[PDB]
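For reference, the chains in residue letters:
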Amino acid sequence: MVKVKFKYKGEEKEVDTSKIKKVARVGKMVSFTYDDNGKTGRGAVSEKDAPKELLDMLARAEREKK
């Protein structure tokens, strides 16, 4: 039951992992881009506050990059 619970426009918003385009990483937060259709959906959530689901999508990027 663990999924991305990022904060959109100052409010909790949930999005299926199936609608995930790119999961980038800036400083101490996670700036990913999900497919909301209407536009380039962008979500931001603290890495320590990142749900297992989204936290696993980062481990495959901070091992051969960072």
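For the structure, check the block above.
What counts and how
- Residues numbered from 1 in each chain as written, not as in the entry; some residues may be left out.
- Heavy atoms only, no water.
- Pairing = 2+ DSSP bridges.
- Helix = DSSP H or I, 4+ residues; strand = E, 2+ residues; numbered from the N terminus.
- Axes fitted to C-alpha atoms, helices over the stretch in contact; angles between N-to-C directions.
- Buried < 20%, exposed > 50% of the residue type's maximum accessible area, 1.4 Å probe, protein only.
- Polar contact = N/O pair within 3.5 Å; in protein donor to acceptor, adjacent residues only side chain to side chain.
- Contact = heavy atoms within 4.5 Å.
- Core = buried A, V, L, I, M, F, W, Y, C linked by side-chain atoms within 4.5 Å.

Take the sheet that holds strand β3 (residues 40-46) next. The strand order β1-β2-β3 describes an open sheet built from three strands, whose pairing is antiparallel. In this open sheet, the two edge strands, each paired with only one partner strand, are β1 (20-23) and β3. Across the sheet, the mean angle from the axis of one strand to that of its neighbour is 25 degrees, orientation sign disregarded.

This paragraph deals with unusual backbone geometry. With a phi close to 40 degrees, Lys 9 is a non-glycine residue in the positive phi region. Residue placement: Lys 9 occurs in the segment before β1. Residues other than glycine seldom take positive phi values, yet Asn 37 does so here, at roughly 75 degrees. Its place among the elements puts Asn 37 in the loop between β2 (29-35) and β3. Owing to a relative accessible area of 54%, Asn 37 belongs among the exposed residues under this scheme.

The next point concerns the side chain of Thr 17. When you line up the elements, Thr 17 lands in the segment before β1. A polar contact of 3.3 Å, which involves the side chain of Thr 17, links it to the side chain of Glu 53. In this view, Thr 17 contacts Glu 53 and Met 57; residues no more than four positions away in its chain are not counted.

What follows is about the nonpolar core. Within the largest apolar cluster, ten residues are counted, these being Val 4, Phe 6, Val 15, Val 23, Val 30, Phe 32, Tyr 34, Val 45, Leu 54 and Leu 58. Ranked by the residues each element gives to this core, the list is headed by β2, at three residues.

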